[PDB]
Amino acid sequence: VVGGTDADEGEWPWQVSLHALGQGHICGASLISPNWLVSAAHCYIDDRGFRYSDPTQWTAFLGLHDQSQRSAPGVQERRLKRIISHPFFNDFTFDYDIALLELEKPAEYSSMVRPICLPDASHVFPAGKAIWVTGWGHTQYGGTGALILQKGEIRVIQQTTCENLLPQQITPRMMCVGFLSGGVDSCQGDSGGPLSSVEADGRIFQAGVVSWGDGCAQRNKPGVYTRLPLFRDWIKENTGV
């Protein structure tokens, strides 16, 4: 997160850190029930050197605040049993960039670990609404990560503006969130983490999934996120959640 500030302890108890074998933190995720996380598909693709689609290669840290303190009281460490990437994910256009991760054993809800609410299929996050992105990613494009979870307040951008700003790149599965003036954005290391939106009861709902960007925090180049509402049924079909 570029242009953010330190999160409070306990502030985003749904934020999860995913570590791949020998590689440390790669992607975020969000806890949605005792057994399931939502993350980005492009985090979990096999390549020439390493099987990122293989669930045995990962460890999820829940309740984590500071990456240097992974055995702090309340941190829960979990292996993964399953990684389900959206069947329509395209690793070249980044369309349908969403994955479901099944934990090998349930998370225990606590003051530090709690699921985010999922929006119903018909919900619309309106243009202009202030929402939050969180993660341990870079504080500048090509720069270093954050030990302490960062939070940044950003705004939903009109789809038409989004398409015009990033021509031939935006599909209806995507949403631009950020500032046309730049300065605040997600960045490398934040992929798969949730957008958090305060809703009508004051509870927080997930608005989307950190996906991609042209650099970070640049003017007229807001972060691009996978939409959540259109995947509500797919998530239910696969998880029961």
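One-based numbering along the sequence shown.
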item	value
81-89 or 126-134, whichever carries the higher mean Cα B-factor	81-89
Mean C-alpha B-factor comparison - 209-217 and 64-72, higher one	64-72
Top residue by Cα temperature factor, when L118, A99, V156, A121 are compared in the entry	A121
Lowest, middle or highest third - CA B-factor, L147	middle
Relative C-alpha B-factor of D201, binned into the chain's lowest, middle or highest third	highest
Among modelled residues of the same chain, the CA temperature factor third for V241	highest
Among modelled residues of the same chain, the CA temperature factor third for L18	lowest
Third of the chain's Cα B-factor distribution that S39 belongs to, per the entry	lowest
